[PDB]
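A lone chain, given as structure tokens: the form deposited in one PDB entry.
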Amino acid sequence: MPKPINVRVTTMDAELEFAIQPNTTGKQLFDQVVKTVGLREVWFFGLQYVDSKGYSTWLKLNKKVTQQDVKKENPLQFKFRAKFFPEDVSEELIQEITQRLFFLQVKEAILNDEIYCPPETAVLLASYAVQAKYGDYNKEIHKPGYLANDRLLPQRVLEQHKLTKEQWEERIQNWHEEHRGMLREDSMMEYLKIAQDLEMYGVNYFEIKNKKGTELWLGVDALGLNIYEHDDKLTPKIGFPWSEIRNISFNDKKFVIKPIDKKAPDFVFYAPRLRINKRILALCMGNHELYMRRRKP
């Protein structure tokens, strides 16, 4: 009789542990995480792991976890993250847990500079973060230097010699004050409301190449597909809302976007590896499906 497989699943602020049977599927594991956390908006999340070759991958819910090539460590290591992003945070994130998890994940991306964010608004976002962590600004408890150990701004903004750490920490402090009577739960939402308007927010970039062999970026988000110039990942040069696309298919290294648009040329591009094109297509299908459920439902 086969011994249980120990697995560890981490959310943005929790660590869960389970002992899974050799035949449990991606879904059974998924359901266990969801039930334990008490999350209902499950369509946004997925279980992420690294395979033998060292690449981040999403667990396939329809097959045994033992047969998906996850690194053989004692406790198998999984990350529970948002895979898809809502079109409007306000309208789609009802529960507190879902709001907290999206908040911690997006803040991380901002802090790590994965999502460009202007200095001024970066400071604004930081203030809602300290409001959610410290609450109201009690001038007695929160003495000058209470934020000196927190990670609040991305390194890119601290490189502004214009000001110094304390001076930035002061600008953040002022906003901390204007948020005086705001609830913890509400500040995480104002944070997200400000963050979803950012150009890079919620888009998955991929390095692609066109017919002429020019290097370009392919962004897959909630609304559709965008083609960017290599030096500008903020503003799309060409776009394809899901409702403007008739069909998308690919020859192992060739991608074809067939538009519903009758008198419009097909858009073709090639991606480096095959792992990539396999994932690109999966994100396209996942975002498309949710794009529908918001409209045709």
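Rigid core (definition): largest C-alpha set, two forms, superposition within 1.5 Å. So that there is no doubt, residue numbering starts at 1 and follows the sequence shown.
Undergrad: Look up the CA B-factors in the entry and say which stretch, 101-109 or 130-138, has the higher mean.
TA: Averaged over C-alpha atoms, the B-factors run higher in 130-138.
Undergrad: Quick check on the record: does 283-291 or 269-277 carry the larger mean Cα temperature factor?
TA: Higher mean C-alpha B-factor in the PDB entry: 269-277.
Undergrad: Which of these has the highest Cα B-factor in the record: 177, 91, 159, 199?
TA: Within the set 177, 91, 159, 199, 177 shows the top C-alpha B-factor.
Undergrad: Checking the record values for 228, 45, 255, 30, which has the greatest CA B factor?
TA: Out of 228, 45, 255, 30, the record gives the largest C-alpha B-factor to 255.
Undergrad: Using the B-factor values recorded in the entry, state whether the Cα atom of residue 219 falls in the lowest, middle or highest third among the modelled residues of its chain.
TA: For residue 219, whose C-alpha B-factor we compare with every modelled residue in the chain, the answer is the lowest third.
Undergrad: Sort the modelled residues of this chain by their C-alpha B factor and say whether residue 236 lands in the lowest, middle or highest third.
TA: CA B-factor rank for residue 236: middle third.
Undergrad: How does the C-alpha B factor of residue 251 compare with the rest of the chain: lowest, middle or highest third?
TA: As the PDB entry reports it, the C-alpha B-factor of residue 251 lands in the highest third of its chain.
Undergrad: Residue 58's Cα B-factor: lowest, middle or highest third of the chain?
TA: As the PDB entry reports it, the C-alpha B-factor of residue 58 lands in the middle third of its chain.
Undergrad: Splitting the chain's C-alpha B-factors into thirds, which one does residue 261 fall into?
TA: Tercile = highest for this residue's CA B-factor.
From this point on, the text means the form deposited with a partner chain bound, which you will not see here.
Undergrad: If contact means a heavy atom within 4.5 Å, which one of 166-174, 127-135, 110-118, 205-213 is the stretch that engages its partner chain in the deposited complex?
TA: Every other range fails; the passing one is 205-213.
Undergrad: Since only the chain is shown here, I'm wondering whether residue 229 would be in contact with its partner chain in the deposited complex (any heavy atom pair within 4.5 Å).
TA: Output for residue 229 is yes: heavy atoms within 4.5 Å of its partner chain.
Undergrad: Are any of the heavy atoms in residue 40 no more than 4.5 Å from a heavy atom of its partner chain in the deposited complex?
TA: Taking the distances in the deposited complex, the answer for residue 40 is no, it never comes within 4.5 Å of its partner chain.
Undergrad: Contact between residue 259 and its partner chain in the deposited complex at 4.5 Å, heavy atoms?
TA: So residue 259 counts as contacting its partner chain.
Undergrad: Could you confirm whether residue 190 comes within 4.5 Å of its partner chain in the deposited complex, counting heavy atoms only?
TA: No - in the deposited complex, heavy atoms of residue 190 and its partner chain never come within 4.5 Å of each other.
Undergrad: Exactly one of 267, 30, 58, 44 has a non-hydrogen atom within 4.5 Å of its partner chain in the deposited complex; which residue is it?
TA: Of 267, 30, 58, 44, the residue with a heavy atom within 4.5 Å of its partner chain in the deposited complex is 267.
Undergrad: Which of 162, 133, 71, 193 has its C-alpha displaced by 2 Å or more between this form and the one not shown after core superposition?
TA: Of all the options, the C-alpha that shifts by at least 2 Å belongs to 162.
Undergrad: Hey, does residue 265 budge by 2 Å or more at the Cα between this form and the one not shown once the core is superposed?
TA: Yes.
Undergrad: Since the C-alpha distance between residue 199 and residue 161 changes by 3 Å or more in the deposited complex, give its direction relative to the shown form: closer or farther.
TA: Compared with the form shown here, the C-alpha atoms of residue 199 and residue 161 sit closer together in the deposited complex, by 3 Å or more.
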